[PDB]
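Structure file structure36.cif; described as mmCIF, C-alpha atoms.
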data_data
loop_
_atom_site.group_PDB
_atom_site.id
_atom_site.type_symbol
_atom_site.label_atom_id
_atom_site.label_comp_id
_atom_site.auth_asym_id
_atom_site.auth_seq_id
_atom_site.Cartn_x
_atom_site.Cartn_y
_atom_site.Cartn_z
ATOM 1 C CA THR R 7 59.092 100.960 87.938
ATOM 2 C CA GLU R 8 62.288 99.162 88.945
ATOM 3 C CA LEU R 9 63.723 96.065 87.355
ATOM 4 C CA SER R 10 63.062 93.894 90.434
ATOM 5 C CA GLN R 11 59.342 94.572 90.027
ATOM 6 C CA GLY R 12 59.284 92.425 86.898
ATOM 7 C CA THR R 13 57.912 88.890 86.682
ATOM 8 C CA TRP R 14 59.698 86.041 84.896
ATOM 9 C CA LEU R 15 58.562 84.150 81.865
ATOM 10 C CA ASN R 16 60.724 81.008 81.879
ATOM 11 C CA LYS R 17 62.990 81.963 84.795
ATOM 12 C CA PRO R 18 66.525 80.612 84.171
ATOM 13 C CA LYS R 19 67.886 77.927 86.488
ATOM 14 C CA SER R 20 70.798 80.262 87.234
ATOM 15 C CA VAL R 21 70.083 83.905 87.999
ATOM 16 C CA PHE R 22 71.073 86.381 90.673
ATOM 17 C CA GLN R 23 70.160 89.931 91.605
ATOM 18 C CA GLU R 24 72.257 92.893 92.669
ATOM 19 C CA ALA R 25 70.812 96.359 93.293
ATOM 20 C CA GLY R 26 69.542 97.512 89.903
ATOM 21 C CA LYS R 27 70.989 94.496 88.091
ATOM 22 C CA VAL R 28 70.152 90.988 86.951
ATOM 23 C CA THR R 29 72.761 88.410 85.947
ATOM 24 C CA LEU R 30 71.663 85.163 84.343
ATOM 25 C CA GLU R 31 72.969 82.094 82.564
ATOM 26 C CA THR R 32 70.648 80.803 79.836
ATOM 27 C CA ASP R 33 69.118 77.329 79.780
ATOM 28 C CA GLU R 34 69.424 75.071 76.729
ATOM 29 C CA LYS R 35 66.799 75.038 73.987
ATOM 30 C CA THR R 36 65.374 78.480 74.721
ATOM 31 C CA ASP R 37 63.955 80.616 71.894
ATOM 32 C CA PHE R 38 61.182 82.972 70.760
ATOM 33 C CA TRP R 39 59.760 82.498 67.261
ATOM 34 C CA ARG R 40 56.336 82.159 65.649
ATOM 35 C CA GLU R 41 55.820 80.147 62.465
ATOM 36 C CA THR R 42 57.438 82.158 59.677
ATOM 37 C CA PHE R 43 59.483 80.031 57.244
ATOM 38 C CA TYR R 44 60.759 77.466 59.762
ATOM 39 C CA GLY R 45 57.289 76.161 60.581
ATOM 40 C CA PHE R 46 57.704 75.929 64.329
ATOM 41 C CA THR R 47 56.770 78.060 67.295
ATOM 42 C CA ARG R 48 58.918 78.633 70.371
ATOM 43 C CA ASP R 49 57.965 80.534 73.523
ATOM 44 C CA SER R 50 60.697 79.162 75.805
ATOM 45 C CA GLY R 51 63.070 82.135 75.944
ATOM 46 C CA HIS R 52 63.960 83.926 79.160
ATOM 47 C CA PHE R 53 62.055 87.171 79.728
ATOM 48 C CA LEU R 54 61.883 89.396 82.801
ATOM 49 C CA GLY R 55 58.830 91.536 82.134
ATOM 50 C CA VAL R 56 57.932 94.771 83.900
ATOM 51 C CA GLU R 57 54.291 95.763 83.486
ATOM 52 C CA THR R 58 53.516 99.149 81.927
ATOM 53 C CA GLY R 59 50.516 101.293 81.143
ATOM 54 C CA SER R 60 49.240 102.019 77.638
ATOM 55 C CA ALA R 61 52.367 103.850 76.482
ATOM 56 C CA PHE R 62 55.967 103.791 77.667
ATOM 57 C CA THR R 63 59.660 104.308 77.026
ATOM 58 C CA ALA R 64 62.036 101.684 78.439
ATOM 59 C CA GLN R 65 65.820 101.563 78.425
ATOM 60 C CA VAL R 66 68.395 98.967 79.547
ATOM 61 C CA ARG R 67 72.103 98.161 79.371
ATOM 62 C CA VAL R 68 73.004 94.682 78.107
ATOM 63 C CA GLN R 69 76.348 93.021 78.806
ATOM 64 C CA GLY R 70 76.463 89.538 77.330
ATOM 65 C CA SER R 71 79.192 86.995 76.694
ATOM 66 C CA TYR R 72 78.189 85.727 73.240
ATOM 67 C CA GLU R 73 80.031 82.678 71.904
ATOM 68 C CA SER R 74 77.709 80.471 69.816
ATOM 69 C CA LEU R 75 75.334 80.444 66.847
ATOM 70 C CA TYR R 76 71.898 81.830 67.791
ATOM 71 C CA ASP R 77 73.018 83.248 71.162
ATOM 72 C CA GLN R 78 70.761 86.251 71.802
ATOM 73 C CA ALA R 79 70.197 88.919 74.415
ATOM 74 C CA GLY R 80 68.424 92.249 74.576
ATOM 75 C CA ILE R 81 64.935 93.482 75.326
ATOM 76 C CA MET R 82 61.395 92.216 74.733
ATOM 77 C CA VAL R 83 58.021 93.954 74.643
ATOM 78 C CA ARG R 84 55.192 91.449 75.067
ATOM 79 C CA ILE R 85 51.400 91.504 75.071
ATOM 80 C CA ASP R 86 50.959 87.715 74.853
ATOM 81 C CA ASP R 87 52.521 84.692 73.159
ATOM 82 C CA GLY R 88 51.254 85.847 69.762
ATOM 83 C CA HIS R 89 52.157 89.538 69.970
ATOM 84 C CA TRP R 90 55.649 90.556 70.987
ATOM 85 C CA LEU R 91 58.914 92.092 69.853
ATOM 86 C CA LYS R 92 62.475 91.149 70.715
ATOM 87 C CA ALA R 93 65.601 93.129 69.814
ATOM 88 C CA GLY R 94 69.294 93.021 70.608
ATOM 89 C CA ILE R 95 72.413 91.123 69.622
ATOM 90 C CA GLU R 96 72.250 87.694 68.037
ATOM 91 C CA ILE R 97 74.903 85.458 66.530
ATOM 92 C CA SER R 98 73.733 84.598 63.009
ATOM 93 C CA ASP R 99 75.428 84.143 59.648
ATOM 94 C CA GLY R 100 78.977 85.365 60.227
ATOM 95 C CA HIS R 101 78.906 87.933 63.018
ATOM 96 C CA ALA R 102 77.341 89.580 66.035
ATOM 97 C CA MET R 103 74.156 90.944 64.500
ATOM 98 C CA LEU R 104 71.851 93.699 65.646
ATOM 99 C CA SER R 105 68.537 91.962 65.198
ATOM 100 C CA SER R 106 64.861 92.522 65.851
ATOM 101 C CA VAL R 107 61.821 90.295 65.512
ATOM 102 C CA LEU R 108 58.318 91.761 65.502
ATOM 103 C CA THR R 109 55.656 89.108 65.980
ATOM 104 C CA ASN R 110 52.042 89.877 65.236
ATOM 105 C CA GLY R 111 50.611 86.423 64.785
ATOM 106 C CA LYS R 112 53.784 85.588 62.863
ATOM 107 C CA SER R 113 57.443 86.679 63.197
ATOM 108 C CA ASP R 114 59.144 89.368 61.036
ATOM 109 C CA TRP R 115 62.907 89.293 61.503
ATOM 110 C CA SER R 116 65.393 91.955 60.419
ATOM 111 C CA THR R 117 69.124 91.818 60.957
ATOM 112 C CA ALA R 118 72.386 93.487 60.115
ATOM 113 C CA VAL R 119 76.003 93.287 61.254
ATOM 114 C CA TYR R 120 76.400 95.393 64.411
ATOM 115 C CA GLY R 121 79.012 98.143 64.225
ATOM 116 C CA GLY R 122 79.431 98.688 67.960
ATOM 117 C CA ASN R 123 80.647 96.607 70.891
ATOM 118 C CA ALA R 124 78.373 93.577 71.009
ATOM 119 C CA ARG R 125 79.356 92.898 74.635
ATOM 120 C CA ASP R 126 78.134 96.262 75.949
ATOM 121 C CA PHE R 127 75.231 98.195 74.471
ATOM 122 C CA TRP R 128 72.004 99.964 75.414
ATOM 123 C CA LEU R 129 68.508 99.627 73.984
ATOM 124 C CA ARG R 130 65.655 102.096 74.168
ATOM 125 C CA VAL R 131 62.140 101.131 73.155
ATOM 126 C CA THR R 132 59.058 103.349 72.953
ATOM 127 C CA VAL R 133 55.495 102.167 72.378
ATOM 128 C CA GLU R 134 52.758 104.758 72.001
ATOM 129 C CA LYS R 135 49.625 105.116 69.892
ATOM 130 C CA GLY R 136 50.137 101.793 68.128
ATOM 131 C CA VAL R 137 53.735 102.437 67.082
ATOM 132 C CA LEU R 138 56.892 100.818 68.379
ATOM 133 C CA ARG R 139 60.313 102.475 67.999
ATOM 134 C CA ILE R 140 63.607 100.755 68.848
ATOM 135 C CA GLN R 141 66.887 102.627 69.253
ATOM 136 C CA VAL R 142 70.351 101.318 70.112
ATOM 137 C CA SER R 143 73.396 103.016 71.616
ATOM 138 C CA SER R 144 77.069 102.210 72.147
ATOM 139 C CA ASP R 145 77.720 105.218 74.384
ATOM 140 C CA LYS R 146 74.431 106.212 76.039
ATOM 141 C CA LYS R 147 74.820 109.532 74.188
ATOM 142 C CA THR R 148 73.644 108.892 70.602
ATOM 143 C CA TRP R 149 70.588 106.716 69.853
ATOM 144 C CA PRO R 150 70.227 105.624 66.197
ATOM 145 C CA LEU R 151 66.927 104.127 65.051
ATOM 146 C CA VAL R 152 66.794 100.355 64.581
ATOM 147 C CA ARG R 153 63.101 99.842 63.844
ATOM 148 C CA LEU R 154 59.826 101.750 63.546
ATOM 149 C CA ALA R 155 56.681 99.684 63.157
ATOM 150 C CA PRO R 156 53.008 99.242 63.981
ATOM 151 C CA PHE R 157 52.365 97.398 67.218
ATOM 152 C CA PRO R 158 48.974 96.633 68.751
ATOM 153 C CA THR R 159 47.501 99.116 71.203
ATOM 154 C CA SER R 160 47.006 97.686 74.691
ATOM 155 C CA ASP R 161 46.043 98.831 78.179
ATOM 156 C CA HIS R 162 49.290 97.221 79.371
ATOM 157 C CA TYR R 163 52.549 95.868 78.044
ATOM 158 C CA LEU R 164 55.353 93.820 79.541
ATOM 159 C CA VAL R 165 58.862 95.065 78.819
ATOM 160 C CA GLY R 166 62.264 93.956 80.026
ATOM 161 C CA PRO R 167 65.418 91.827 79.630
ATOM 162 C CA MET R 168 65.355 88.894 77.243
ATOM 163 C CA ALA R 169 67.932 86.173 76.538
ATOM 164 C CA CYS R 170 67.856 82.944 74.495
ATOM 165 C CA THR R 171 70.102 80.066 73.475
ATOM 166 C CA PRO R 172 68.127 77.877 71.040
ATOM 167 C CA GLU R 173 70.791 75.136 71.247
ATOM 168 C CA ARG R 174 73.260 74.554 74.102
ATOM 169 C CA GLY R 175 72.748 76.789 77.117
ATOM 170 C CA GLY R 176 75.231 78.762 79.156
ATOM 171 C CA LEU R 177 75.083 82.293 77.762
ATOM 172 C CA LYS R 178 75.930 84.710 80.576
ATOM 173 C CA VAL R 179 74.299 88.151 80.490
ATOM 174 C CA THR R 180 74.059 91.075 82.912
ATOM 175 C CA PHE R 181 71.260 93.624 82.617
ATOM 176 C CA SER R 182 71.471 96.986 84.368
ATOM 177 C CA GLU R 183 70.635 100.696 84.095
ATOM 178 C CA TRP R 184 66.927 100.009 83.762
ATOM 179 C CA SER R 185 64.473 102.849 83.274
ATOM 180 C CA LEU R 186 60.731 102.737 82.555
ATOM 181 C CA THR R 187 58.651 105.892 82.127
ATOM 182 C CA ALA R 188 55.887 107.482 80.078
ATOM 183 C CA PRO R 189 57.070 108.618 76.638
ATOM 184 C CA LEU R 190 58.273 112.206 76.162
ATOM 185 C CA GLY R 191 55.647 114.727 75.093
#
Would you mind writing the file's structure down as structure tokens?
Amino acid sequence: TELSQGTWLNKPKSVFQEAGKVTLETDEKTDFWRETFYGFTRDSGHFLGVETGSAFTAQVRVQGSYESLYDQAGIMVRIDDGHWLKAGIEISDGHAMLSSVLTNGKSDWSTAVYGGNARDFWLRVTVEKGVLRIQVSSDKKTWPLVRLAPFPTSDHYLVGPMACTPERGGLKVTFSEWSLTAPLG
């Protein structure tokens, strides 16, 4: 199922398509977070979701121009506003961080300094039998694990590009090299 068959949640004011690619500029005050610690909920982030069956593997290339605190881009898997995962690069603390947030009612955020090129990376996500696995790659050859966690079973998921700027907008990101299939095995 091709990238252009996705549906937007919070379509950005500025976005254009090329064959197999989506290029967007984020709007201000866009974020995804539920409750934990900060005591607010946000469901305003940009998400282009492609609908899946009950299990899938998805992969995408992410080329963002990060420049400010909290700038984020990557991939999201979503069931609804209370059950989702986002993963990718985020600017937090001192550096470009590889970050993931698994939300099941409430958000669970993990982060670490990213050792690759923040401006060009791939993500691969697999959901099957109530387990989500996230892998990242700097070369499309080797795919280290980022996260392995329970995730609710569902007849369908939405999966696809995500990007957020919780403060000032203007983050430019291109998504390409999309693939969505059943998991191996």
If we count only C-alpha atoms and set the cut-off at 12 Å, which residues sit around residue 181 (chain R), ignoring sequence neighbours fewer than 6 positions away in its own chain? Please answer as a PDB file with C-alpha atoms, keeping the file's coordinate frame.
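Output below, filename selection24.pdb:
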ATOM      1  CA  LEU R   9      63.723  96.065  87.355  1.00  0.00           C
ATOM      2  CA  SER R  10      63.062  93.894  90.434  1.00  0.00           C
ATOM      3  CA  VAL R  21      70.083  83.905  87.999  1.00  0.00           C
ATOM      4  CA  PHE R  22      71.073  86.381  90.673  1.00  0.00           C
ATOM      5  CA  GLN R  23      70.160  89.931  91.605  1.00  0.00           C
ATOM      6  CA  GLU R  24      72.257  92.893  92.669  1.00  0.00           C
ATOM      7  CA  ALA R  25      70.812  96.359  93.293  1.00  0.00           C
ATOM      8  CA  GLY R  26      69.542  97.512  89.903  1.00  0.00           C
ATOM      9  CA  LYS R  27      70.989  94.496  88.091  1.00  0.00           C
ATOM     10  CA  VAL R  28      70.152  90.988  86.951  1.00  0.00           C
ATOM     11  CA  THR R  29      72.761  88.410  85.947  1.00  0.00           C
ATOM     12  CA  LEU R  30      71.663  85.163  84.343  1.00  0.00           C
ATOM     13  CA  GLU R  31      72.969  82.094  82.564  1.00  0.00           C
ATOM     14  CA  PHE R  53      62.055  87.171  79.728  1.00  0.00           C
ATOM     15  CA  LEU R  54      61.883  89.396  82.801  1.00  0.00           C
ATOM     16  CA  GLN R  65      65.820 101.563  78.425  1.00  0.00           C
ATOM     17  CA  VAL R  66      68.395  98.967  79.547  1.00  0.00           C
ATOM     18  CA  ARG R  67      72.103  98.161  79.371  1.00  0.00           C
ATOM     19  CA  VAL R  68      73.004  94.682  78.107  1.00  0.00           C
ATOM     20  CA  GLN R  69      76.348  93.021  78.806  1.00  0.00           C
ATOM     21  CA  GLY R  70      76.463  89.538  77.330  1.00  0.00           C
ATOM     22  CA  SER R  71      79.192  86.995  76.694  1.00  0.00           C
ATOM     23  CA  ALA R  79      70.197  88.919  74.415  1.00  0.00           C
ATOM     24  CA  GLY R  80      68.424  92.249  74.576  1.00  0.00           C
ATOM     25  CA  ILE R  81      64.935  93.482  75.326  1.00  0.00           C
ATOM     26  CA  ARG R 125      79.356  92.898  74.635  1.00  0.00           C
ATOM     27  CA  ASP R 126      78.134  96.262  75.949  1.00  0.00           C
ATOM     28  CA  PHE R 127      75.231  98.195  74.471  1.00  0.00           C
ATOM     29  CA  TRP R 128      72.004  99.964  75.414  1.00  0.00           C
ATOM     30  CA  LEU R 129      68.508  99.627  73.984  1.00  0.00           C
ATOM     31  CA  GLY R 166      62.264  93.956  80.026  1.00  0.00           C
ATOM     32  CA  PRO R 167      65.418  91.827  79.630  1.00  0.00           C
ATOM     33  CA  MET R 168      65.355  88.894  77.243  1.00  0.00           C
ATOM     34  CA  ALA R 169      67.932  86.173  76.538  1.00  0.00           C
TER      35      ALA R 169
END
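For the pair CA of residue 100 (chain R) and CA of residue 118 (chain R), the separation is 10.5 Å.
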Take the PyMOL selection byres ((chain R and resi 40-49) around 9), run it mentally on this structure, and tell me the resulting residues as an mmCIF file with C-alpha atoms, in the coordinates of the input.
data_model
loop_
_atom_site.group_PDB
_atom_site.id
_atom_site.type_symbol
_atom_site.label_atom_id
_atom_site.label_comp_id
_atom_site.auth_asym_id
_atom_site.auth_seq_id
_atom_site.Cartn_x
_atom_site.Cartn_y
_atom_site.Cartn_z
ATOM 1 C CA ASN R 16 60.724 81.008 81.879
ATOM 2 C CA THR R 36 65.374 78.480 74.721
ATOM 3 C CA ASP R 37 63.955 80.616 71.894
ATOM 4 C CA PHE R 38 61.182 82.972 70.760
ATOM 5 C CA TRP R 39 59.760 82.498 67.261
ATOM 6 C CA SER R 50 60.697 79.162 75.805
ATOM 7 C CA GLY R 51 63.070 82.135 75.944
ATOM 8 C CA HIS R 52 63.960 83.926 79.160
ATOM 9 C CA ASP R 87 52.521 84.692 73.159
ATOM 10 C CA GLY R 88 51.254 85.847 69.762
ATOM 11 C CA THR R 109 55.656 89.108 65.980
ATOM 12 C CA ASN R 110 52.042 89.877 65.236
ATOM 13 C CA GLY R 111 50.611 86.423 64.785
ATOM 14 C CA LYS R 112 53.784 85.588 62.863
ATOM 15 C CA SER R 113 57.443 86.679 63.197
ATOM 16 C CA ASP R 114 59.144 89.368 61.036
#
Top pick for closest residue to residue 123 (chain R), considering R:183, R:145, R:57, R:99 and counting all atoms listed in the file: R:145
field: Option closest in space to residue 108 (chain R), from R:156, R:122, R:189, R:150 [counting all atoms listed in the file]
entry: R:156
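Those residues returned by the PyMOL selection byres ((chain R and resi 161) around 12) for this file are residues 57, 58, 59, 60, 61, 62, 85, 133, 134, 135, 136, 158, 159, 160, 162, 163 and 164 of chain R.
Comparing R:95, R:131, R:124, R:56 by their smallest distance to residue 144 (chain R), the closest is R:124 (using only C-alpha atoms).
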Mind checking which residues fall within 9 Å of residue 98 (chain R), counting only C-alpha atoms, ignoring those fewer than 4 positions away in the same chain, and posting them as a compact mmCIF listing (two decimals) with C-alpha atoms, in the coordinates of the input?
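Result file out_10.txt:
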# COMPACT_ATOMS: atom_id res chain seq x y z
CA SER R 74 77.71 80.47 69.82
CA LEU R 75 75.33 80.44 66.85
CA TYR R 76 71.90 81.83 67.79
CA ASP R 77 73.02 83.25 71.16
CA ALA R 102 77.34 89.58 66.04
CA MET R 103 74.16 90.94 64.50
CA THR R 117 69.12 91.82 60.96
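Among the candidates R:172, R:18, R:121, R:94, the one nearest to residue 32 (chain R) when counting only C-alpha atoms is R:18.
Here CA of residue 63 (chain R) and CA of residue 11 (chain R) stand 16.2 Å from one another.
In this comparison, which uses all atoms listed in the file, the residue of R:97, R:107, R:140, R:188 approaching residue 73 (chain R) most closely is R:97.
Between residue 20 (chain R) and the candidates R:153, R:101, R:84, R:178, the tightest atom-to-atom separation, counting only C-alpha atoms, involves R:178.
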Two-atom distance - CA of residue 105 (chain R), CA of residue 157 (chain R) (Å): 17.2 Å
